[PDB]
Amino acid sequence: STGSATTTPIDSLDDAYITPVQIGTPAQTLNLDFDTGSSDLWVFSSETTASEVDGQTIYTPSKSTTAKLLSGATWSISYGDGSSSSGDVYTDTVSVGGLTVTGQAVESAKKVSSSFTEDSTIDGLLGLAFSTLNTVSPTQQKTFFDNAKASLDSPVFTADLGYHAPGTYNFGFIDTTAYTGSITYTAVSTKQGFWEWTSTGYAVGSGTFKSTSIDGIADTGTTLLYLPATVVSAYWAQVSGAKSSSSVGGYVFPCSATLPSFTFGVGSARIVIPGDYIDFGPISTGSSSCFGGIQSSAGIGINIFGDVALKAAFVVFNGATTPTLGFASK
């Protein structure tokens with residue numbers, strides 16, 4: 001079996017992408033953020049504190065004939081940005097673009113941090129990292145992808161994110177019309193529970209490619225590209241007037257400047273991120289200072305290949321026994 005769903009940017013900056021997901025019987029449609037950097041499927045619900053809900057669509061398990069409380073199970077998650085959520089667990093039927101899983105753990109939020117409350121367009125997250133990161137206690141739960149794996153024609157999912165445009169998430173098949181050339185596959189390490197891989201180097205604009213190993217994770221739930229301070233200083237040194245601002249919390253550049261491209265290595269192949277994808281607009285409305293898409297990973301502890309990098313390629317997440325990541329130009 002296969003699944004295919006459209007993913008849409010939440011705003012004009014591609015801050016996040018939402019995909020419609022059907023939960024329960026009769027179906028309740030929620031717009032979820034597909035996250036390859038986490039492993040929990042959690043939603044805003046009829047149990048969430050009324051003051052912490054601001055325009056989101058909520059899941060109501062009492063209105064679903066297939067919903068069952070997972071007695072005693074609780075979950076608690078904290079993200080890299082400082083945001084958090086916790087609550088109880090239900091099992092229910094979940095479908096993504098025609099692909100149905102029965103008995104999926106659906107984590108019902110009782111408490112959510114202000115970061116989630118502010119985003120009225122996001123009804124929850126659908127975790128696609130390895131099930132070892134799931135926060136359900138005492139019984140750890142499987143992700144939607146892990147539960148669907150047996151039914152799928154191939155144990156894969158693909159991410160095809162658009163630049164200021166909708167894209168696609170496919171499950172169980174590789175669309176050979178969505179990319180040009182061939183797909184380069186690279187080894188994944190599952191030791192930390194992420195889609196962790198090693199990039200073979202980088203280039204700034206039309207400069208020479210520097211061969212160097214950059215270990216990082218493929219994360220659809222992170223907006224920006226976070227790389228080591230050395231690489232990031234070499235990129236921003238090419239932008240006139242660019243500087244790191246402590247007040248802003250990262251590199252900023254004059255909105256009048258043209259940004260060079262950034263190339264990252266995948267084995268012997270090159271993926272080129274156009275300069276426009278690195279522009280995240282004014283820091284405040286009317287400002288002449290613009291926020292950059294390539295930032296330092298020094299304060300994080302891990303290099304992250306987020307949406308800025310992923311939307312420049314057709315990306316294959318191969319969940320076979322020996323997992324691999326595939327990259328192709330598009």
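In the PDB archive, X-ray crystallography is given as the structure determination method for this entry, at a resolution of 1.9110 Å.

Scanning the chain from N- to C-terminus turns up four helices and 24 strands. Over its C-alpha atoms the chain spans a radius of gyration of 20 Å, differing by no more than 12% from the 20 Å that the globule rule assigns to 330 residues. C-alpha atoms of the chain, sized along the principal axes, occupy 60 × 45 × 35 Å. Put simply, 65% of the contacts in the chain that link residues at least 6 apart link residues at least 24 apart.

Tallying each qualifying case throughout the model produces two salt bridges. Linking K311 and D14 is a salt bridge whose minimum nitrogen-to-oxygen distance equals 2.9 Å. Within this pair, whereas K311 is found in the loop between α4 (307-310) and β23 (313-318), its partner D14 is found in the loop between β1 (3-9) and β2 (17-23), the two being separated by 297 residues in sequence. Neither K311 nor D14 differs from the other in exposure class; each is buried. Among the salt bridges present, the one from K330 reaches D160, with a minimum N-O distance of 2.8 Å.

The subject of this paragraph is the nonpolar core. Ranked by size, the top nonpolar core spans 68 residues in total, and within it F171, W236, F262, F264, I273 and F327 carry the most contacts. Among the elements that take part in this core, helix α3 (residues 229-236) stands out by supplying four residues, more than any other. Shared between two domains, this core takes at least three residues from each, and those domains are domain 1 (5-174) and domain 2 (175-330). Beyond its immediate stretch of four places on either side in the chain, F327 contacts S182, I183, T184, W197, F264, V266, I271, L310, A313, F314 and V315.

The strand order across the open sheet formed by four strands is β15-β16-β20-β19, and the pairing between neighbours is antiparallel. Two strands lie at the open edges of the sheet, namely β15 (243-245) and β19 (279-282), each paired on one side alone. Adjacent strand axes in the sheet meet at a mean angle of 40°, parallel and antiparallel pairs treated alike. Across two bridges, β19 lies against strand β20 (residues 289-292) in antiparallel orientation.

What follows covers the packing of aromatic side chains. Summed over the entire model, instances satisfying the criterion amount to 26 aromatic pairs. When the centroid spacing of 5.0 Å and the interplanar angle of 90° are considered together, the rings of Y235 and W236 count as edge-to-face. Like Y235, the residue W236 is buried in the burial classification. Geometrically, the ring pair formed by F264 and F305 is tilted, given 5.5 Å between the ring centres and 50° between the ring planes.

Attention shifts here to the sheet that holds strand β22 (residues 303-305). Ordered in space as β18-β17-β12-β13-β22-β14-β21, the seven strands form an open sheet in which the pairing is mixed. Single-partner strands in this sheet number two, and they are β18 (269-273) and β21 (294-296). Each strand of the sheet is rotated relative to its neighbour by a mean of 45°, with strand direction disregarded. Alignment of strand β17 (residues 262-266) against β18, held across five bridges, turns out to be antiparallel. Pairing of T263 across the sheet is with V272, part of β18. Seen against the sheet, α3 touches β12 (196-204), β13 (210-218), β14 (225-227), β17 and β21 and runs at an angle of roughly 140° to β21.

Quick notes on the rules
Residues numbered from 1 in each chain as written, not as in the entry; some residues may be left out. Heavy atoms only, no water. Residues with missing side-chain atoms left out of burial classes, pairs and counts. Helix = DSSP H or I, 4+ residues; strand = E, 2+ residues; numbered from the N terminus. Rg over C-alpha atoms; globule rule 2.2 N^0.38 Å. Contact = heavy atoms within 4.5 Å. Salt bridge = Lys/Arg side-chain N within 4 Å of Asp/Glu carboxyl O. Buried < 20%, exposed > 50% of the residue type's maximum accessible area, 1.4 Å probe, protein only. Core = buried A, V, L, I, M, F, W, Y, C linked by side-chain atoms within 4.5 Å. Domains from an automatic or database assignment. Pairing = 2+ DSSP bridges. Axes fitted to C-alpha atoms, helices over the stretch in contact; angles between N-to-C directions. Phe/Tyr/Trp six-rings, centres within 6.5 Å; stacked < 30°, edge-to-face > 60°.

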